[PDB]
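Quick notes on the structure that follows.
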Amino acid sequence: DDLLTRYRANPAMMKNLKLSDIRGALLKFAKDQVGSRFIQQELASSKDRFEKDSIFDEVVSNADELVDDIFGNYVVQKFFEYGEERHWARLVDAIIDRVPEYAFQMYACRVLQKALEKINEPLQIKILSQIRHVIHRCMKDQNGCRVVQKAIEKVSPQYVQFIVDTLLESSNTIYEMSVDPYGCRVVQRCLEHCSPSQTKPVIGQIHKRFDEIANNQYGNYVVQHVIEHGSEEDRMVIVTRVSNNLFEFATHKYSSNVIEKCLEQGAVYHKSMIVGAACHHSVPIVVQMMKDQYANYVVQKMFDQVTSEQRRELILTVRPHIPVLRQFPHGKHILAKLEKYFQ
RNA sequence: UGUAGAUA
Ligand SMILES: [Cl-]
């Protein structure tokens with residue numbers, strides 16, 4: 001029986017097993033649930049660098065077999081941690097040629113994310129130079145999009161320009177990404193971390209198909225990120241459009257959240273535009289909104305976010321309609337969360 | 001009364 005089967009039998013019998021004992025058994029240990037846990041715990045608890053170094057040659061020699069293994073990927077990740085700096089460059093060399101495949105794999109992509117989280121900028125750039133070859137497909141991939149998001153989070157903006165240029169590669173790319181469950185997160189991460197020179201054309205593409213993106217199940221989060229991370233002009237354009245089309249935006253499932261974001265993030269003069277649209281003298285828009293399955297939440301958010309003077313206009317506009325509003329689906333509950341304002 | 005993203 002080999003070392004692993006012996007060790008798996010009676011762990012207590014081998015309480016003094018060390019990393020340097022593993023030798024050629026590293027691959028078998030690292031792909032085993034028990035063996036991988038042993039390796040990880042020794043790598044975390046050992047005070048002996050030479051013990052830790054002793055399995056590194058076998059990790060390198062078997063890197064392609066370990067990186068997308070259910071248990072082996074954790075062993076590889078240990079050597080990208082702080083404290084294993086001396087091994088980072090050799091380990092990147094061991095995986096670099098297949099990074100374009102690893103980015104799409106569910107275990108290997110965690111190795112790549114760990115590397116980008118920890119290693120120095122020259123090694124990050126080396127990894128990204130391979131991601132370059134598969135970046136469009138990577139952005140829409142359940143696994144690859146997490147590698148791309150980690151890159152945007154952890155690498156200086158000038159070195160993710162190739163990702164921004166992929167968002168801008170054709171007319172429809174930003175739309176395609178914003179309505180994709182994985183691509184939309186890449187767009188959001190870019191809006192959070194890229195420079196305003198990088199985000200300006202990205203935001204410009206979003207504006208061109210604003211209405212469609214704003215009511216998309218994923219795109220509405222992209223638009224909320226524009227409100228938060230865009231320019232004052234971006235918010236003015238958005239608030240002007242929302243105010244001019246307030247009933248339509250408020251009564252649709254996903255775009256209703258965009259109005260709420262405007263009210264949470266907007267300055268008083270933006271809140272004034274939304275309030276004025278809602279109260280404009282059919283019954284006032286704010287009354288119609290309170291009867292609606294989504295817009296009633298937008299009205300509640302308005303009351304919670306605007307100035308006392310702005311609430312005063314809303315109260316004076318709504319109060320005559322309170323009898324008939326009590327009758328609608330949930331209308332008793334809706335006026336109940338507003339009772340504090342109407343007394 | 002209303003929304004989202006890969007491991008033992
Ligand atoms: Cl266009």
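FYI, side chains are in, hydrogens and waters are out, and symmetry mates aren't considered; it's all heavy atoms of this structure. Convention: sequence-line order gives letters A, B, ...; per-chain numbering from 1.
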Heavy atoms from other residues, nucleotides or ligands near [atom1] of [X] exceed 12 (cutoff 6.0 Å):
X	atom1	value
A:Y269	OH	yes
A:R90	CZ	yes
A:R49	CZ	no

Students often get this wrong, so: under 4.0 angstrom with heavy atoms, is [X] touching a base, only sugar-phosphate, or nothing?
X	result
A:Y221	base
A:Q105	nothing
A:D141	nothing

Checklist entry - Between A:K78 and A:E81, is there a salt bridge with N-O shorter than 4.0 Å? => result no

Checklist entry - Between A:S156 and A:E121, what is the shortest heavy-atom contact and its length? => result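 It is OG-OE2, 3.0 Å.
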
Checklist entry - Can you pull the contact range of chain A along RNA chain B, 5' to 3', using atoms under 4.0 angstrom from its heavy atoms? => result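 Range of nucleotides touched by chain A: B:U1 to B:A8.
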
